[PDB]
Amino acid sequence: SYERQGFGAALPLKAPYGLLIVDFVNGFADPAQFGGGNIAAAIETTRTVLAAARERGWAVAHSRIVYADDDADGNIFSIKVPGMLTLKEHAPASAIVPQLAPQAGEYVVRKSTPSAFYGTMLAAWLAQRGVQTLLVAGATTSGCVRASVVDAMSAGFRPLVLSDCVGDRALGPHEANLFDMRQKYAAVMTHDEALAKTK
C-alpha cells in the first residue's frame, strides 16, 4: 500500500509561484489530430488560472512540441508517435490555442520530447526567477504533463498539478496518472483551490 509506506504525503505550497502550460496547442485540441477526451474543458478552465497568473505577476511558461521542417531532429519519440513529426514551427497544429495566447514576458519553451524540461531552458528560466512552486496545466495528463511534473519536481520545484487543467485523450490514463502524481510527485488539486491557497 501507498499509505503503509508513507506515500502521498502533502506537499506544502510555497511562493514565489509560476505557471507552466504544457502543449495546449491546436493539434492537441482537435480530436482528429492529437486531441479528445477532456482536453478542451481543461483548456477553458486554464483561461481562469492564466488570467489569475498574469494579475498576480507570476512567471508564466508555455511549452510547444516543434520539430525542424526537414525532420532533422526527428527522434525516438517521433518513431513511437509518427504524428509528432508534423508539429512543425509554422504548422497550425503546433501553435498555442488562441484561448491561451502568450503575452509579453511569457516564455515559450519549444521541445521535441514530452517534458518541457528536457533539453530546454525551463529549469534555468524558473531558477533565475526564484520560482518555488510551479502550477501545471496542459495535455496530455499521461504524456507531456506527467513527464513535465516529474522533471519539475526533480529540478527542485514544487509541482501543483491543476487536476482540472490537465486533459487527456482517455480518462483511464488521465486518472491513472493523476494518482501516480498525487502519490509520488505533486500537490494535485482543482484550480479554484489552487488559486485560493496561493492568494
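Note that residue numbering begins at 1 and tracks the sequence as displayed.
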Can you let me know which of the two, 83-91 or 119-127, has the higher average C-alpha B-factor in the entry? 83-91
Going by the average Cα B-factor in the PDB entry, point out whether 153-161 or 55-63 comes out higher. 55-63
Given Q33, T45, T133, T140, identify the residue with the highest C-alpha B factor in the PDB entry. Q33
By the recorded C-alpha temperature factor, relative to the other modelled residues in its chain, which third is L13 in? middle
Once the chain's modelled residues are ordered by C-alpha B factor and cut into thirds, is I39 in the lowest, middle or highest one? middle
Going by what the PDB entry lists, where does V145 fall on CA B-factor within its chain: lowest, middle or highest third? lowest
Please place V166 in the lowest, middle or highest third of its chain according to the CA B-factor in the PDB entry. lowest
